[PDB]
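J.: Would you mind keeping the following structure in view while I ask a few things?
Number of protein chains: 2
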Amino acid sequence: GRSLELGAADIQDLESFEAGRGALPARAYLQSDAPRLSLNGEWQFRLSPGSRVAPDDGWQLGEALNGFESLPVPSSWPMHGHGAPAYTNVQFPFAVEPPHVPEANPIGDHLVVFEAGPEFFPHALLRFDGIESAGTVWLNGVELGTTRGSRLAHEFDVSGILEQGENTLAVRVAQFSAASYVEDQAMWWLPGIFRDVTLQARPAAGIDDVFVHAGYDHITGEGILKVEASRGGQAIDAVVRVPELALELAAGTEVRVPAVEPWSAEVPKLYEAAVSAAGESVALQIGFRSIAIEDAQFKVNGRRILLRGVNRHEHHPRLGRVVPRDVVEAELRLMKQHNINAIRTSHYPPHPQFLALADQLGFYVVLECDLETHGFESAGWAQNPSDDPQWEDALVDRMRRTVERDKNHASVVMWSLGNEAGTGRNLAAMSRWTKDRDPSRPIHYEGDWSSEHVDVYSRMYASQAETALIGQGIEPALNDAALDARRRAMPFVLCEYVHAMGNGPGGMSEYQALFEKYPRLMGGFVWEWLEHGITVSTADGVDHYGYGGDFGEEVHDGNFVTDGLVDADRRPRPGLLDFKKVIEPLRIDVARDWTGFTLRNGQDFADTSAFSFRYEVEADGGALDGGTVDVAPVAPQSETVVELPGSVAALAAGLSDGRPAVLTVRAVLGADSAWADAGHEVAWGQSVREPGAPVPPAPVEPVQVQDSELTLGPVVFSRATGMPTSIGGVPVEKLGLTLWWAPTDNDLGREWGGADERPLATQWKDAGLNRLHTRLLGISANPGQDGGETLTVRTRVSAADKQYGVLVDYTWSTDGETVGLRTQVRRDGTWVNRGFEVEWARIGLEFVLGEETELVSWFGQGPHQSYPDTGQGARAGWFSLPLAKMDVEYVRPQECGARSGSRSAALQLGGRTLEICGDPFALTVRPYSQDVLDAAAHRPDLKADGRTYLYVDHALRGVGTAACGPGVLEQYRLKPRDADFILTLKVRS
Amino acid sequence: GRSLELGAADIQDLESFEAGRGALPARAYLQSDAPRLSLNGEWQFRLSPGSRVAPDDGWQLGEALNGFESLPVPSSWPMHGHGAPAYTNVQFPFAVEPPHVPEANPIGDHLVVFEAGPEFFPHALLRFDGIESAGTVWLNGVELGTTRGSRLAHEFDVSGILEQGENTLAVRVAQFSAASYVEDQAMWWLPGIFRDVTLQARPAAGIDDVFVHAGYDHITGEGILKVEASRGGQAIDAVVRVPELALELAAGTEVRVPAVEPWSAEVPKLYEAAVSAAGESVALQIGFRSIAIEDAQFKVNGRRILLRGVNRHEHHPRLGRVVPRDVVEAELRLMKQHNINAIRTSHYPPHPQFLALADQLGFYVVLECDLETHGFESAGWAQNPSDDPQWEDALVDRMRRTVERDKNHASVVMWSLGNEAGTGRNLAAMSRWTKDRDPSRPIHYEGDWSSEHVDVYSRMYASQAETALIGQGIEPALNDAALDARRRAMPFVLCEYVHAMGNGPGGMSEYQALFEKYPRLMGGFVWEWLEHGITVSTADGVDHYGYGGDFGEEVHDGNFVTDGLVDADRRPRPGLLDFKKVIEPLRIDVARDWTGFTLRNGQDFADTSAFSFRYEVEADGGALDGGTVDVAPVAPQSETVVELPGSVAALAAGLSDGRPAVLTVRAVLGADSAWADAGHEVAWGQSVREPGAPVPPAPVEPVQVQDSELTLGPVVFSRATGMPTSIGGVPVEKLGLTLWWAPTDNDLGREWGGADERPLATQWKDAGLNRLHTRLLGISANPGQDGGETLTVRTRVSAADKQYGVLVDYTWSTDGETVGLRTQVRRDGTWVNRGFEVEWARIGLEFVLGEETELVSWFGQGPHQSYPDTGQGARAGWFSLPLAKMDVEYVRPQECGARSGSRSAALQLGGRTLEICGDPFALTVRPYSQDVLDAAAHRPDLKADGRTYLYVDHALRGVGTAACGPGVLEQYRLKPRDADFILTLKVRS
Ligand SMILES: OC[C@H]1O[C@@](CO)(O[C@H]2O[C@H](CO)[C@@H](O)[C@H](O)[C@H]2O)[C@@H](O)[C@@H]1O
Ligand SMILES: OC[C@H]1O[C@@](CO)(O[C@H]2O[C@H](CO)[C@@H](O)[C@H](O)[C@H]2O)[C@@H](O)[C@@H]1O
Ligand code: NA
Ligand code: NA
């Protein structure tokens, strides 16, 4: 018959296998003295739900617009009430049938009016630095072309189309296209023109592209300089000036500079330079460095380097994929302030402005092409575009635009073909193209474990164990002897590791020890830098972050989008505090006798001259001694023993026995830097003079007996339950054993290996650990001292429908001033459920106090939380915080806020102070219960109930990274066992 | 030191392994002419949360009661705002550590005042017919004893304690005791004095116990009568009178009555009798029947019987375990009215009054002892009381009281030791005791598959397949040759089968065919008769049933308590309608030529004389012919061919071709009976003259084209979606393919076998079947007839993140009056997800109409729902119901209401009528969407939205019984396939 469907031509274009049409050749992002007009500002915007109902009403001419409204550009339009964000991890949000697109496909018509002065004639262009995902461009009604590659730049020649005076730019943006099948990053799906739109004049005799080659000969100190310049793709005459180095040379020739200060993340030396032609000049920052793989090590400027990296997505909790420049500068400074030295642009090229900042502040950058076909894995990679020859030109284009834009920046030390895109012919073509075009940077790609087309062996979330076998070069061989030989000669990098989702990450230290031990290990990049939380303001409410599912998604992946070291507003999570410590570039081992400290320079190039070394002895009531010690500069990878002043050692020696004292040695910045002010802490070490164990009280007060109550000094017990009802007047609503905590995100992760594939959280629910019950066995008052008496309360703890349990005996003693509490724990029966051993989250006590706590003070590790396999950033000392500040504002509330390694603690309830002491314990204080915490999906769900939930733990479980990667390591797991521990309690005024 | 805990003595008694103390010997429940005073009425009640805080304030004396309030007795106290019900299936609600009890243990102090006249002196007793679970009894302050066995009777001698005039009865009831470990029935946990409390005078020279022995010699017709009578446990002189049989004999002698009419469930002949002594006389109903196992068949009165049974719990949606007598009489009549002939008192003895009703109405009863230790299975039966010698006396006591109470009733044909209590020495002791005491009734117990201590082989939920191997005597052998030999000589019964939870049960017919084919198969008892729904009235609302979890339970099992053939108010579920048909005692096969019908008498004893056989020919507009045919009585298990009047056959022959007509032959009661009025339908059969397929309309109307709309006769299409937007003025908001339905309770059940252990509902969610999306491929108007045109709309249906899909092509045609719709379905790709083939719930269409439907009429199967493996009770005919009555009020809303086998349908939306015809299809109409249905946990969650959701299915899946037992049988499963089907639509006035 004949087709009657609508929009078939618009759809046919969206389903195209090809790159965008009509665009100028890909080139570098260059600072040019050519006239430019940024068209950023308030545009006009119309949204349609699909191509078949996108109007063809001549809107491109900007005349008589109906349905258009104001919208900022650049922008991610769902961040402005036009639709909503949608998060999927691996899942595609549309049926998988490439190259077809769903009928529900938001279409965004953009339009802006602007004026073009005579300086933009006769030749100019329009530059688009990012359009997600498919754009069509008209200028004054004539089509310029289309864009493919959402995070890549497109330029369109407007000569003869741009008219002097007023002009109308019209861009139609479709959210979904065939390109969506290759942009499946675990991300918020956010359409829009989300990066700059610029009008640029192109004068005659100008410069289109530049290719800086700045090598370094580390033997001679020579810099190897060659700056190419082209116009229309052809080499052209141009002069290269580098004033600081007394250099005038022509573009296209290679010279040897006798002496250059090499560039590195530690010392990011940049020489200002200009390459100029008659009609145009462009400014450049040149960093001399050479990259090479040698003896299975990734070496820069002749030395193996250690990558202390993070995975950086581009996200802003209000603007989506638009990251304001001042937030970029801030977050990169925050990285430096936490000893980070490397960045992977997961999983697409960043904003062009990012590259210069990385050059200046100092980061080894893995710049990654915009490619990910993850969602094809669930079907065994059938139809994977990475191996579909029809996608070759589209994927080579993505790699070309990636490389051409940023090829001049010294901070880029690796090109990455993409992420989690399988294996395929098109990936090899992208590698073949990159190796030919820019052989000065090694190629990275984790998705092909055989590593056939790369120069480094990359993996994500490989266990500490496998990492140690790789570091020794004894990993299992590949079937192909030749490929195995190639890969074994490669250095190894973890492009993603220690997944930082929620409470965690655990096991960072074990990775780091391997990084330091095995040169083949290049280091790793944490997943990930930031949480992609989106700010939602509650009706009649405060703000909170929303994640997957909180925006009406039919298909989503929950809070896996919030899996970062900082929150969306760049506030650190405890994991960043620990990370900073783990990757600290210096090691300070303070001598036990306080006579000195061993200092190892862990940096790769710089000495210790930039650091001032300070010490302080702190005690119960403030600092006792402190100052600065001068340290002869220590070479990279060298060690020395630094003497401390005799007054410090003499102080420790003369310290009365049992008095706590902490010696802390810090390496701070001796002077301001581009990323921190002087005195910023870089590394630290400590030696602690522990306090003696608290003497148990003498049991001189006897037990006392009423019909329904018992009294033993300051403690009142309920004769029915045997549990205290008050201590020093503080009401005790409950006291019992704890074996469970509100599951972390990691506990909700499935722990692979072994026949048990339930997450730990599910193992606990099945075992009934969240619903413990206690039965009283007996109460007995026993003879103490000088007529006094101890009180022993025997109980058994278990759960409904379970035969296993634990016998808990509480022995109380008092001298009227302080209470002595001995808890003894003993296993009864075999702790097996559903064929698998039950594991405990902890061995502790929960005190529920009938009054609110305003302040928590303790001596131990702090100020932030610490768990068995975390808390590296928690140092020994005295701390004190308001109850609200003890918590951690994770987006999905979960177990957090424990303070491991506490020797003493003090809770201030109103006018009174409850003091806990005894053998080391973990401390947690909350204004709500564990069941409220576990039930809470968002922070607003946390409601204080006027009580205080005090948790004192004799043993804790680790937190691991089971949400993605290794679970809790063996040494940190907690199997049911017998245990016993003492405490001493006291209430004042 | 010394114990300081409270309540230790009260707890020590609750933890006792022994039976109740101080009670009189167990005996029969006897109707006696001795004076009696029922103490039922308004008592005074105080509730304490545990033994340690249960006051010892002399309350037993009834003087100066504080904290007491009014409470009815008998009662289940949580049904009156004192605590709340709690439902667990297998789980114990308390830690499993027998014989210990939790600290949270409601204690119910009961107290009543009453007057004792001179007739209760010098000797009387107090009778308690049920106390859950542990009772202590005081009369005027002196302790009588304690009760153990919650559903068993206890009697306490009050001679010398009962004082003439006013007396005070005091009973302390603890919910939980050591006896809870053996009362783990899948049930609402409901403490209280829930059965009668009676004061009985015991005159001298009276009668304490009686043991009727009424056998039947089926060869001679002789009745074998021996009535024992005892006092204080000793045989006594007494006279036995049976007037109808002209009998005077002494108690203790066995006589041979020359001729008796034997007792059976079909013919429950009962002879009134009295056994009397000087001081007392007791009235008895005697039914002569003998029970024997012979040739591996369970025979009564010389013939193998077929059990058409149900499992009867005792529950009332407002009174808990208290079942008012008028509800007992009603529900038992309802059973008879649905061809049921057997009852298992799952899993405890019923109220004593139940036994006489079973004798009179006619049920083969399996009377089950109060014993279940199910909750010990999860620990491998460790500590199972059934094998703990310390529990022997307690369990033998339970069996003794069970047997002694009901040993006189002819309806009891089996003693059952308990339910799901494992194997053990104490079960053997209970069997040894019963076999000695009453050898006239075989012993039943499913929990020991070896069947070492039973006389019948019993299983629950054995598949149809295994049942067929057992019926043939070829099941796998037991390791012990001797035990195997014993069990192979046993008949086989299904004490529980075709789990009737929610939509279902499917597969009933396949079981029944085996019951009829293999004599060794005794039949089966459906699980279960009733749902244990509890009525909750919403604040400012209507009532609805609550189930597990709806009462604050920490540990519960959800709606598994609502798994019955009738709801808690005894309203039938569709499953009972199908069950009645499946077990109908006669088979009527109507001849195709309407000349007659084959009649098989499926009863075991009775002929067909009690039934009148009626026929009716019904057509489009009412009945055309009908009457009664006289049938010579047909013997049990015999057949005959019954001629119909020639007018019926002549009517079919002269019927115009294509006209529908239905001949129905019914067997109704010729006269009133004790359980139904005359004309009650017992069995039926049918022969249908099918209507010819509807001629497709001639495609003479052409297609019409506007910018955004298409019109083809009465249909308007959206040119963008290709889907109709209106038909005859009726708005069509959506039209699409369906492959999914809101999971039934069975679909939420895990289907064992094969590597896929996900419930079908989970297989569907993972596959995305609930979230289908459609993409338009093209629209094409093609040449029809005489200038007209057909319209073909090509689509593809799939789900996000999936590569498999289905191509759906809609071809429309019209002649202006009726619309022709041809749907073609074709698989695209392999329908595999997570390594397992995806199965479909259906192949159909969902019409969403923008107006409400008030009436649904159809020709097909009805009036109630029918699915591929159900609907046996749905007969062919013409039906018409209001939209609300098309639904099924399952407690947890779920898929239901489909009408399979529909030839035509008519929806009345306001003033207009939408007519659907075509090849047979399934019909469903709802005022809400599937997603609302699936999300609804309770019926109030179902909100009408002003639309009509019309479902027309070409193929449906079965419903099975996967919630517990077999899933959907192979012949009823629905695997992805190609399919095509036609429909014709029409709208009038
Ligand atoms: O170094 C040249 C100097 O001139 C500026 C400002 O006038 O740019 C001009 O010079 C260009 C050639 O370099 C001409 O195209 C044109 O006259 C104008 O752009 C600066 O950009 C630059 O510092
Ligand atoms: O058959 C006796 C007749 O008497 C009643 C009513 O008076 O009961 C009485 O007779 C009993 C002996 O059967 C005596 O214990 C006493 O006189 C009194 O219970 C009826 O029960 C019965 O029909
Ligand atoms: Na890792
Ligand atoms: Na069954």
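Chains A and A', in that order, give the protein sequences. A prime marks a further copy of an entry chain. Numbering of the first sequence is given in the deposited numbering, commencing with residue 22 and proceeding in unit increments. Numbering of the second sequence is given in the deposited numbering, commencing with residue 22 and proceeding in unit increments. Note that beta-carbon positions come from the ideal geometry of N, C-alpha and C, so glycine has one too.
Just checking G986/A' against ligand 3 - is the residue's beta carbon closer than 8 Å to any of the ligand's heavy atoms?
T.: One-based indexing of the second sequence puts residue 986/A' at position 965. No, Cβ of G986/A' sits at least 8 Å from all heavy atoms of ligand 3.
J.: Report the three-state DSSP secondary structure of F319/A' (helix, strand or coil).
T.: Taking the first residue of the second sequence as position 1, residue 319/A' is located at position 298. The answer is strand: DSSP assigns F319/A' an E or B state.
J.: Give me the pocket residues for ligand 2, defined as CB within less than 5 Å of any heavy atom, sorted by chain position.
T.: With the cut-off at 5 Å, the residues found are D54/A', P224/A', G300/A', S302/A'.
J.: Just list the beta strand (DSSP E) runs in the stretch 360-406 of chain A', keeping only unbroken ones of 3 residues or longer that don't cross its boundaries, in chain order.
T.: Whole beta strand (DSSP E) segments, 3+ residues: 363-365, 385-389.
J.: Quick check on this structure: which residue in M481/A, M522/A, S471/A has the alpha carbon closest to the alpha carbon of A503/A?
T.: For the purposes of this step, residue 503/A is taken as the residue at position 482 of the first sequence. Of the candidates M481/A, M522/A, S471/A, the one whose C-alpha sits nearest the C-alpha of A503/A is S471/A.
J.: Which residues, taken in chain order from the stretch 365-396 of chain A', show a beta carbon closer than 9 Å to some beta carbon of chain A?
T.: The stretch 365-396 of chain A' vs chain A, Cβ under 9 Å: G396.
J.: For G22/A and chain A', any beta-carbon pair shorter than 9 Å?
T.: Stepping through the first sequence from its first residue, residue 22/A is reached at position 1. True, the Cβ-Cβ gap to chain A' drops below 9 Å.
J.: List the residues of chain A whose Cβ lies closer than 7 Å to the Cβ of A403/A', in chain order.
T.: Working through the second sequence from its first residue, we reach residue 403/A' at position 382. The answer, in chain order, is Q824.
J.: Can you tell me the Cα-Cα spacing of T167/A' and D728/A, whole angstroms?
T.: Counting from one through the second sequence, the residue named residue 167/A' turns up at place 146. Counting from one through the first sequence, the residue named residue 728/A turns up at place 707. About 27 Å.
J.: Where does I491/A' sit, in a helix, a strand or coil, going by DSSP?
T.: To locate residue 491/A', count along the second sequence from 1; it is residue 470. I491/A': helix per DSSP, three-state reduction.
J.: From which residue to which residue does the beta strand (DSSP E) around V417/A' run?
T.: Numbered from its first residue, the second sequence carries residue 417/A' at position 396. Per DSSP, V417/A' belongs to no beta strand (DSSP E); it is in the alpha helix (DSSP H), 413-427.
J.: Taking Cβ-Cβ distances shorter than 8 Å, what residues in chain A' pair up with residue 1012/A?
T.: The first residue shown for chain A is 22 and the last is 1010, placing residue 1012/A beyond what the model contains.
J.: Within 10 angstroms of its Cβ, does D31/A' collect 16 or more other Cβ (buried), or is it exposed?
T.: Walking along the second sequence from the start, residue 31/A' turns up at place 10. When all chains shown are included, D31/A' counts as buried.
J.: Taking 9 Å as the cut-off, decide whether the C-beta atoms of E282/A' and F309/A' are in contact.
T.: Within the second sequence, the letter at position 261 stands for residue 282/A'. Within the second sequence, the letter at position 288 stands for residue 309/A'. A contact, by the Cβ cut-off of 9 Å.
J.: If you reduce the DSSP assignment to three classes, tell me which class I464/A' lands in.
T.: In the second sequence, counting from the first residue as 1, residue 464/A' sits at position 443. In this structure, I464/A' counts as strand in the three-state DSSP scheme.
J.: Looking at the structure shown, is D599/A' part of a helix, part of a strand, or coil, going by DSSP?
T.: Numbered from its first residue, the second sequence carries residue 599/A' at position 578. Reduced to three states, the DSSP call for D599/A' is helix.
J.: Consider the Cβ of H121/A': report whether some Cβ of chain A lies at a distance smaller than 9 Å.
T.: As a first step, residue 121/A' is located in the second sequence; it is residue number 100 there, counting from the start. Cβ-Cβ to chain A under 9 Å: yes for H121/A'.
J.: Just to confirm, does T982/A get its C-beta within under 8 Å of one of the non-hydrogen atoms of ligand 3?
T.: Translated into positions along the first sequence, residue 982/A becomes position 961. Yes, ligand 3 has a heavy atom inside 8 Å of this Cβ.
J.: Look up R848/A' in the DSSP assignment and give the residues it is bridged to.
T.: Stepping through the second sequence from its first residue, residue 848/A' is reached at position 827. BP columns for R848/A' point to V827/A'.
J.: Can you list, in chain order, the stretches of the alpha helix (DSSP H) that have 4 or more residues and sit fully within the stretch 551-622 of chain A?
T.: You should have 595-603.
J.: For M744/A, name the three-state secondary structure that DSSP assigns.
T.: Walking along the first sequence from the start, residue 744/A turns up at place 723. The answer is coil: DSSP assigns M744/A none of H, G, I, E or B.
J.: In chain order, which beta strand (DSSP E) runs of at least 3 residues are fully inside the stretch 685-740 of chain A'?
T.: Those beta strand (DSSP E) runs which fall completely within the stretch 685-740 of chain A' and span 3+ residues are 702-710, 730-733, 736-739.
J.: Should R541/A and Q318/A be called a contact, given that it needs their Cβ atoms to be closer than 9 Å?
T.: Here residue 541/A refers to the residue found at position 520 of the first sequence. Here residue 318/A refers to the residue found at position 297 of the first sequence. Yes. Within cutoff.
J.: Answer with buried or exposed for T835/A, where buried requires no fewer than 16 other C-beta atoms within 10 angstroms of its C-beta.
T.: For the purposes of this step, residue 835/A is identified with residue 814 of the first sequence, where counting begins at 1. Looking at its Cβ environment, which holds 16 or more other Cβ atoms inside 10 Å, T835/A is buried.
J.: Do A44/A' and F232/A' count as a contact pair if the criterion is CB distance below 9 Å?
T.: Reading the second sequence from its first residue, position 211 is the one you call residue 232/A'. Reading the second sequence from its first residue, position 23 is the one you call residue 44/A'. Not closer than 9 Å, so no.
J.: Using the three-state DSSP reduction, which class does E243/A' fall into: helix, strand or coil?
T.: The sequence position of residue 243/A' within the second sequence is 222, counting from 1. Here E243/A' sits in strand by DSSP.
J.: Could you run through the stretch 101-117 of chain A and flag, in chain order, every residue whose CB is less than 7 Å away from some CB of chain A'?
T.: Cβ contacts with chain A' come from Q112, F113, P114, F115, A116, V117.
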